[PDB]
């Protein structure tokens, strides 16, 4: 019935041409974008935020993916894309616990690592 996601933190976050990182996380599922708050001045931002997607009747299948993007609010309306990951929700459907944790490297637009990583927890619950 719902996808529950806990965005805990990111590590080694570095914004190009800035001394300190001002990062927030953008998550999109079921056509719904949710955002964490911005953590000012941090290489290891701890958002510790819970998100709940009403799946509006759509169940997960094995192609389902949660898209997460970390961005700096050096820049606002424009992006300041720092890195992104696609987390495979098939792993959630893989054990009876209907939950999975991810420690996912963030990739650039060339889909190559940024050095930063994002830690999150995902749960499929009624």
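Positions refer to the first chain, counted from 1.
When the mean C-alpha temperature factors of 26-34 and 53-61 are read from the deposited coordinates, 53-61 comes out higher. When the two stretches 110-118 and 5-13 are set side by side, the higher mean Cα temperature factor goes to 110-118. The entry assigns its greatest Cα B factor, within the set 90, 71, 40, 67, to 90. Looking only at 82, 76, 85, 46, the residue with the top Cα B factor in the deposited structure is 76.
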